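For reference, the structure discussed in these notes is given below.
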Amino acid sequence: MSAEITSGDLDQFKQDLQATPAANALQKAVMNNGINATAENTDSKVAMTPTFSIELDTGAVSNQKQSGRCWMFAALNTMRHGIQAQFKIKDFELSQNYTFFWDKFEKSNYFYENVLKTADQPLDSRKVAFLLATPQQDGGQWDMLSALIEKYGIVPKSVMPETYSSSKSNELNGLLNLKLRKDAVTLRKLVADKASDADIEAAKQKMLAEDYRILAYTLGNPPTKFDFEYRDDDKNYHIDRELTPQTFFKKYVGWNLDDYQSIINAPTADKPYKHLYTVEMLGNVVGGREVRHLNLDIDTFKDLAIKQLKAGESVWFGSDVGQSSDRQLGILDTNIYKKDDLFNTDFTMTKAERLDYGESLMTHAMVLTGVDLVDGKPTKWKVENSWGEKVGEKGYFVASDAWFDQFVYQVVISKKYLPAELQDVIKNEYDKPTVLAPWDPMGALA
Amino acid sequence: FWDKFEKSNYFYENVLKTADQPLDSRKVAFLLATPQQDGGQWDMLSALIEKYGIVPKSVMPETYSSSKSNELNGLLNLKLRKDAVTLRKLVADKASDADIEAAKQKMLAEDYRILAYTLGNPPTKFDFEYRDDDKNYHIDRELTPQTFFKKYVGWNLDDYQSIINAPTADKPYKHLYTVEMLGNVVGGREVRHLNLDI
Amino acid sequence: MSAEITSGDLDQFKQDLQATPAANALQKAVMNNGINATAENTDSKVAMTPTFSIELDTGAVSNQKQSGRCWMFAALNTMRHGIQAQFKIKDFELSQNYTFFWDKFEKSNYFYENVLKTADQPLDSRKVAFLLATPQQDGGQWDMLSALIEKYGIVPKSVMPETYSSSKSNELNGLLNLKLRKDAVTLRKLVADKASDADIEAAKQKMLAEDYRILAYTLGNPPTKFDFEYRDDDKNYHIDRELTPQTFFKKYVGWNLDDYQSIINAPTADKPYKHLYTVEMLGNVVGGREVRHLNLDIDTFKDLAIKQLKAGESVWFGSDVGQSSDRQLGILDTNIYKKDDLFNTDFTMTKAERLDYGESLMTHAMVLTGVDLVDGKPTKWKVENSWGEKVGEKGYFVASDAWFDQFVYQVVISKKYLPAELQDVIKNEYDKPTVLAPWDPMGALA
């Protein structure tokens, strides 16, 4: 029978195995050492030496620890390198716990509103199931971090330090997810029972009061007013009194968050280039700005990143960091392993096929801080990671240009580097983007 | 070993069966999201033992990947997804059943090799030597995984029922349930759960 | 030029490398993991499961630590298993420091006598150079341990415990070797200056007094009289008063050290079988018994070991433990690695060629405590090691019968298991053995 594995098929597979060149010796290597350590290629290590013709001076890395806050760390990295340079504060850090607090709390409300909106749909429907499977999580996207900063500002790390849960969020996500699911039961019931909008709003407010308390206990009280004291790199003391998170943002960072566009490269048939896309139900801050991705071809995408780097500005980016990577040495290179050679098997998929077939999507946000240009083309990119200093080169990674082609899906670029035609697409489509399904791969939260 | 290999075939057959359905359909997406994994259920382990028997640990020891399976699952999932592309294409192109079977056999030969390299060669014949708790030596020669199972365990795997307690409205008690598409061994026994009160 | 490596030869070697099956993938494995971890064979692990049709009950292992005292540990193991069984003292240990003290001191005198005997020969002569290269060392052979026990007896471990130097002998060997070399200068000078035998004896006695003090400081004072108190395995208390090392030996061990013969298997043309051999200048105790090895073919050698095991007695043996071995898992098997397969290169030598060409010799002494016999032939041997419990199976190793064939060179057998013909060879040749050169491989001290 064609469908089952027969004894004859097994014989044939064993024959194929024994006919494979050096099968016995390769088997012993992989049995003993595993895949990565058998397949890892020193030629890549040579090619990936961390030297870059364009290199920003970005100082020491941050460390998210056991949390999925890469998107926040990476965004705050872009802002804090601005602060460090302008105010001469070497290694200055912003509070990632601050953004984590407001993100979780806004996501709690976001979830309730999603539950209300789908409360007339069956519990086993694909969209209700998708909601309940992941009520909230640590990850996000650039426009969601902006939304948070627009509404809440930011503070120095010293002003809202890490706690147990911020640096090891598993127990908080477990309890908050349980809480949100329990509350989803109550909310669906209210809508089934034809409760008034006012009763439903009152219920939601009581639910939120409890969520607020879970986060205050886990993460601390968000600051509203503080003094900022520091010594600059010339050793001069400074004191700035009675700041708020919003005045601190305005003074020390000073960006107009409108100036930034999320650019993706998702080369699939449902996503023609030079348009804007959003993801249904995806978000954190009800009432705040929505996700908007501009899909562009990989050459244009990369040329924008280079333009931004050459101007002295770092670039937030989204990638599948688990692909073709040595995460200890910090080498992201399609050549770092030679698995196809090891197994005598072709493992090639295109970028479109990996998206469409669930093999790859953005899983991690980092920052480009350099690019090596040889004969005017990029060979390798310098990457600021947020896993602390004991991986890569003091916490910096290196990505080959082939790797970037395949496994980078998003960069955040200042609109001013964009051609007029693309500035116009953004303005023309802002209120009518193409709406992707919730489970779209570009709905991935990193 | 046998679980992963049977699951590779199971996955291909699931892909064939849904190859006329849109790629973004809920069932095709569910398949591709988790082509295989380490876990299972009781009836799937039985299916494996019925078909392949069992051996002492000393006779098929652990390897790197068996005790740290992340890299194996990553590469095997990649392989299965790549092959799903090819299989859907074959069905789109109205390939014959024989061409599609031949393709699947080549895919399986490769999967076999990934598992042999990661996990070792499954034994077919071995000697079993041990000392019992009274310190007496024993040697039993030229066993197979199936004769070892029959002699040292000796169960009729039919004698066992999976019982669940899932007190939900769609699952009245005192009936049998199965799960669509869920399995490892094509042609072997399916999952059957009897739902009962706690 | 044929003699030098040319660019053309290099080209050809690179071609040969690239034509090798799977060379790229195998290269990566060995570069990343090294030889052992690439080549180690799980089929051997399966074959080498530690089950044995003949198995002695020998309890817990000892641990020599950072010293080369394997020969002593192994001999004392054979004696202490006798004590444990006869007197019901589970895990009882004899003092390895006791034998270490007397060995070093006797070797100091042995060295001086060797220097005197060669004092008329040039300093750069092969035999004088061999002496000075290794004035003494930790290792030895069975007949040298007997010599020590005959002259000095033995004590419980509790009665002469380990010290720093006994368990980490490097500094003691360095200083003692320096001392002995300095004294060799003085001794040669005395013989050059035609000093009297009495002046030369007086000088040697002063040298020995100093050596005695170096060992007393490093190792402690050897006991002369002690009480022995213990509880047997039935929990009964015992006290035995005013023992000496010699009365303790006579009462608790009770062997006639004459009853034992060193048997070798050295299948080289200079060593016909069924004769006795000794090694020039090799020894420790001046005036005590000399080294005598009876060379026999490997089948006869192995059959004697099995006969002794089947009688319930363990067997001291000498081997090259670094050959074809995993010294963590404790597997000694010609199949544990498949290096020839890995490198596509034949690495085969016969046992005779490995001796003759300096590739192999006895480097370590252990004890056989079991043998698995299947269809009447040995498949694997149970090995008591002296490296403590965190290697092998609670400190026990397993050696395949193929490994034993190749890499075991010596076993110590009770004469009563020997055929009359071989009992007669021993008696007939005892005073006229064939004298091997000092640097003979069977002069190796383990």
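In what follows, every heavy atom counts, from backbone to side chain, and hydrogens, waters and symmetry copies are set aside. Chain letters run A, B, ... following the sequence lines, proteins first and then strands; every chain starts at 1.
Heavy atoms of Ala39(C) lying under 4.5 Å from chain A belong exclusively to its backbone.
Counting heavy-atom neighbours within 6.0 Å of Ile5(C) CD1, excluding the residue itself, gives a total of 12 or less. Counted within 6.0 Å of CD1 on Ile35(C), heavy atoms from surrounding residues, nucleotides or ligands total 12 or fewer; the atom is thus considered open.
Identified under the ring pair (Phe, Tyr, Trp, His ring centres under 6.0 Å) test for residues 2-27 of chain A, with sequence neighbours left out: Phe13(A)-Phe5(B).
Of the listed residues (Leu26(A), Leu342(A), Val30(A)), the greatest number of heavy-atom pairs within a distance under 4.5 Å of chain C belongs to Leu26(A).
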Atom pairs, donor to acceptor, chain A/chain C, distance under 3.5 Å:
unit_1	atom_1	unit_2	atom_2	d
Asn33(A)	ND2	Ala37(C)	O	3.0
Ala37(A)	O	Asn33(C)	ND2	3.0

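Across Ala22(C) and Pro21(A), no two heavy atoms sit closer than the pair CB-O, 4.0 Å.
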